[PDB]
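Chemist: before I ask anything, here's the sequence and the deposited coordinates:
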Amino acid sequence: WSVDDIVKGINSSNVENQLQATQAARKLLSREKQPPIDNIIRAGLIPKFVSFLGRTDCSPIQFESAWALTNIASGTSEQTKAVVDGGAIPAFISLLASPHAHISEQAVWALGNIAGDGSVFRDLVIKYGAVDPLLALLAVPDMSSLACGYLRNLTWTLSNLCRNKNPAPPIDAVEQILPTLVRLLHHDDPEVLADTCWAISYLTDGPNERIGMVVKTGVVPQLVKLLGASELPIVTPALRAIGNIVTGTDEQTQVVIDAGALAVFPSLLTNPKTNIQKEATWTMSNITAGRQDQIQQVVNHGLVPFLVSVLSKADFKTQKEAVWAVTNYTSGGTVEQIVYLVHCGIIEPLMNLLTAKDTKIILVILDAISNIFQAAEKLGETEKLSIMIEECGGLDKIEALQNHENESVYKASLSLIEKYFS
Amino acid sequence: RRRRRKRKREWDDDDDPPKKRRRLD
């Protein structure tokens, strides 16, 4: 078929010719080669597809037009906008209640593609009342009766409904969707668990009120369980949601610490995947930025040596998160805890990073060493620390920063040299 | 010494799910 032929057929009076033309359009759109979505949009065929979506009499045309509109909305934002402007969102929401599962799930697919474009189309889909039907589909007493493919499609559409920011997902949709996500987190299918963890991650990435909403449901233990799964597609979003949660209040970080999350961090910090390592080190950093008892929990789990090792022998992107962990640890820790950090061998690997080209990280490192010097002052072992720093090559590297890398670093490095090394 | 603030994340897209999907055959 050609675009002109399908245009003539879709506008024909025969319902059979209309169905044939819609089939040809769907086949052009589902043909793996670069679809001609732009041409089909310029043909004025989207309104005809939207009208077909309402033909309860003809299930084939409903399915074919929904498929074609799904494939059209899977492209650029302009094409998704063409679908949305054609009034496709209400039509798909109406189809959600279709007696045919294939059309209902094709509508779920299309609504997912639309809500994935951005936050505006997501808020529109929520505005036209798609949340409750979509969630009704999953509510079936036995979620196993709902085929794993259909359940995955529904979970993915819901994840897109919890995705994106500015504006953040509306409260009316989140208060509806969270319990279903709690239910789905207890399924045995990996592809559903990954999407559910990703949705929770989206929801926990923002104000502490949303983190508190997610926490008050009691799912943090199940997220910690998934944290130690063998499947990296599931571990990535779970580690990520936990890292987001630990960016909130001390009660929330204590919810995470109580769920036994720290027990998994020896494996995450020693993980081959560099992104897992970096995100776990960032989580450790935000945990060492908490109460003294939380830092003591980090120490009790024996994670300080692991941090020393990621600071000493890792990539720079993870070494920076290790530096942040060290700085927060020294900023909020007891004198005993800082003595422990030093006795674990943090001085040399921390100062061996002053040779980098990041003014920010250099200033943070210098703040850390200043905190350690303050602890020494409280202990009466300032000169011992000066000697140790000098012998580890520390004084040399702090002096090298007097080359006005930045006036900030110059004055910071000058302050230390005069206070303790002059 | 005073406790430091918690650093909110920086979003990454290393293995994010697909924002849009296409049905094919």
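Modeler: Great, that's in hand. Residues are numbered from 1 along each chain as shown, chains lettered A, B, ... in the order given.
Chemist: find the nearest non-adjacent residue to residue 15, please.
Modeler: Picked chain A for this. residue A:58 (6.2 Å; C-beta to C-beta, 6 or more residues apart in numbering or on different chains). Placement of C-beta: from N, CA and C, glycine included.
Chemist: switch to chain B, that's the one I care about
Modeler: Excluding the flanking residues, the one nearest residue B:15 by C-beta to C-beta, 6+ apart is residue A:236, at 5.4 Å.
Chemist: count of residues packed around that neighbour?
Modeler: 21 (other C-beta atoms under 10 Å in any protein chain shown).
Chemist: how about residue A:355?
Modeler: 11.
Chemist: got the residues of chain B near chain A?
Modeler: Applying C-beta under 8 Å from any C-beta of the partner chain, we find that chain B lies next to chain A at B:1-9, B:11-12, B:14-25.
Chemist: picking up where we left off before, look up how far residue A:214 lies from the residue nearest to residue B:15.
Modeler: Taking C-beta to C-beta, to the nearest Å as the measure, residue A:236 falls 17 Å from residue A:214.
Chemist: repeat for residue A:348
Modeler: From residue A:348 to residue A:214 the distance is 40 Å (C-beta to C-beta).
Chemist: which one's more surrounded, these two?
Modeler: Neighbour tally, residue A:348 and residue A:214, criterion other C-beta under 10 Å: the higher count belongs to residue A:214, 24 against 16.
Chemist: residues contacting the more buried one?
Modeler: Contact partners of residue A:214, counting by C-beta atoms under 8 Å, 6 or more residues apart in numbering or on different chains, are A:178, A:200, A:203, A:204, A:241, A:245.
Chemist: secondary structure class for the first one?
Modeler: Per DSSP: H, G, I helix; E, B strand; the rest coil, the secondary structure class of residue A:178 is helix.
Chemist: tally of neighbours for the residue lying closest to it once chain neighbours are set aside?
Modeler: Of all residues not flanking residue A:178 in the chain, residue A:217 sits nearest, at 6.1 Å (C-beta to C-beta, 6+ apart). Residue A:217: 14 surrounding residues under other C-beta under 10 Å.
Chemist: tell me the SS of residue A:217?
Modeler: Strictly by three-state DSSP, residue A:217 counts as coil.
Chemist: hmm, residue A:177 and it touching each other?
Modeler: No - Residue A:217 is not in contact with residue A:177 according to C-beta atoms under 8 Å; the separation is 11.4 Å.
Chemist: any idea how many residues pack against residue 1?
Modeler: This is for chain A. Neighbours of residue A:1 under the rule other C-beta under 10 Å: 13.
Chemist: hmm, I had chain B in mind actually
Modeler: As a burial measure, residue B:1 scores 16 neighbours (other C-beta under 10 Å).
Chemist: so it: helix, strand or coil?
Modeler: Here residue B:1 takes the coil state, with states given by three-state DSSP.
Chemist: try the one 5 residues further on
Modeler: Classification of residue B:6 into helix, strand or coil gives coil, according to three-state DSSP.
Chemist: pull the number of nearby residues for it.
Modeler: Neighbours around residue B:6, by other C-beta under 10 Å: 18.
Chemist: now do residue A:50
Modeler: Residue A:50 has 21 neighbouring residues, counting by other C-beta under 10 Å.
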